[PDB]
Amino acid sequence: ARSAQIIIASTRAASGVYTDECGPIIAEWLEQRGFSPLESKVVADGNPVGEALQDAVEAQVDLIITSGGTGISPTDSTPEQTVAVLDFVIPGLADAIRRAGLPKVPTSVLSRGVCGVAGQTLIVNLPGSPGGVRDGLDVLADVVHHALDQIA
């Protein structure tokens, strides 16, 4: 069975007890699709995101899904942290995830999330909202199995 790691990228979330829906939404999607083992990290924006990515990549996790920190305000550094770890980017997948938020949420176009491969790990940046997360998972659902196989 394939392994997965969820990384909630949010200083706000990491500053207290996590009680938000996005982690569970993603974990439930993964769990119900038979990913195992399966774990969840909530980390602050900036270097802790890159640190968590590096940890999971060195551990050869099959799939990493991050949520949050993809926008254009000063604390949004998930794309930076992610690109720094990637071997290559998969632009069509990030574009598809953005497009899934249109026309309902015009500011979907401001998300700078990337997807890509690092080592033998697929990494997918999702947005921080439950709606954006669900939209992104629905995009991923039709390609994730094929993507993991092709990486292998």
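Counting begins at 1, following the sequence as shown.
So 109-117 or 83-91, which one's hotter by mean CA B-factor in the entry?
-> Higher mean C-alpha B-factor: 83-91.
Do the CA atoms of 60-68 or those of 38-46 have the higher mean B-factor in the entry?
-> According to the PDB entry, the answer is 38-46.
From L137, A13, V144, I25, which pick has the Cα B-factor that tops the rest in the entry?
-> When the deposited C-alpha B-factors of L137, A13, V144, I25 are compared, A13 is largest.
Within this chain, which third does the Cα B-factor at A100 fall in: lowest, middle or highest?
-> Middle third.
Mind checking which third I151 falls in for C-alpha B-factor across the chain?
-> Tercile = highest for this residue's CA B-factor.
Looking at the entry's B-factor column for C-alpha atoms only, identify whether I7 ranks in the lowest, middle or highest third of its chain.
-> Middle third, going by the recorded CA B-factors of the chain.
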